[PDB]
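Undergrad: In our numbering, the protein residues as written are 440 to 616.
Before anything else, here's the structure in question.
Written out as structure tokens, the structure is:
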């Protein structure tokens, strides 16, 4: 009955050393593991953070096996908390973006991923956006690179409403499966 996603962290490379298995979000795993240099994802998609309380660098990990941290693009082997990412299906994911805050300025509507916002819409920044269909991720650098943020069916009127300290956004993609 306890069906769910599962991730395993190993203190040494090649899944060697002490191992820890988690089946739910954990705000502080420091008491069970002092470091993690490799990870195995058996099911589900998870977000890992460099420091406790989902803070510091954040990385999205889909199901799969990573015998070494570099295979997950980790900056180092420090991980203090992890959360399971829930995927929403339904039909066609839809997002709208506005040039000014409070949904003002020019508006653009799209149902597909965008690798470079400036190349597609000639926009250098985005100050408001309404996502209400499926889940969407935004990335600070083109080609889905840099810090990434998970967006749910929500209405964002200010850039800080996205947890971002600046209205800078260069690419976004829809999450499926």
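We put the beta carbon where it would ideally sit given N, CA and C, even for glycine.
Across the segment 527 to 543 and the segment 571 to 591, are there enough close Cβ pairs to call them in contact, namely three or more that are closer than 8 Å?
TA: Result yes; three or more Cβ-Cβ pairs closer than 8 Å.
Undergrad: Between the Cα of residue 492 and those of 564, 549, 451, 464, spot the shortest distance and give me the residue it belongs to.
TA: Looking at the Cα atoms, 464 is the closest of the given residues.
Undergrad: Pick out the complete beta strand (DSSP E) segments inside the segment 463 to 513, 3 residues or longer, and give them in chain order.
TA: DSSP runs (the beta strand (DSSP E)) wholly in the segment 463 to 513: 477 to 482, 484 to 490, 494 to 500, 503 to 505.
Undergrad: I need the straight-line Cα distance from residue 453 to residue 602, nearest angstrom please.
TA: Their backbone Cα atoms lie some 35 Å apart in a straight line.
Undergrad: Below 8 Å on the Cβ atoms is my guess for residue 609 versus residue 578; work out the distance and round it to an integer in Å.
TA: Right, the Cβ-Cβ distance comes to about 6 Å (below 8 Å), so this counts as a contact.
Undergrad: Could you tell me which whole beta strand (DSSP E) segments of length 3 or greater appear in the segment 522 to 602?
TA: You should have 534 to 539, 543 to 549, 567 to 570, 574 to 580, 584 to 590, 593 to 595.
Undergrad: Buried or exposed, going by whether 16 or more other CB atoms sit within 10 Å of the CB of residue 501?
TA: Counting Cβ neighbours within 10 Å, residue 501 comes out exposed, since fewer than 16 surround it.
Undergrad: Can you round the beta-carbon distance between residue 517 and residue 485 to whole angstroms, since I take them to be within the 8 Å contact cut?
TA: Not quite, the Cβ-Cβ distance comes to about 16 Å (not below 8 Å), so this is no contact.
Undergrad: Which first and last residues belong to the beta strand (DSSP E) in which residue 445 is found?
TA: Where residue 445 is concerned, the enclosing beta strand (DSSP E) stretches over 445 to 451.
Undergrad: Let me check one thing: in DSSP terms, what residues is residue 458 bridge-paired to?
TA: Beta-bridge pairing links residue 458 to 449.
Undergrad: Can you give the Cα-Cα distance for residue 564 and residue 599, rounded to whole angstroms?
TA: The alpha-carbon atoms of residue 564 and residue 599 are separated by roughly 13 Å.
Undergrad: Using a Cβ-Cβ cut-off of 8 Å (strictly less than) and excluding sequence neighbours within five positions of residue 490, which residues of its own chain qualify?
TA: Hits under 8 Å: 517, 519, 520.
Undergrad: Does residue 608 come out as helix, strand or coil in the three-state DSSP assignment?
TA: Reduced to three states, the DSSP call for residue 608 is coil.
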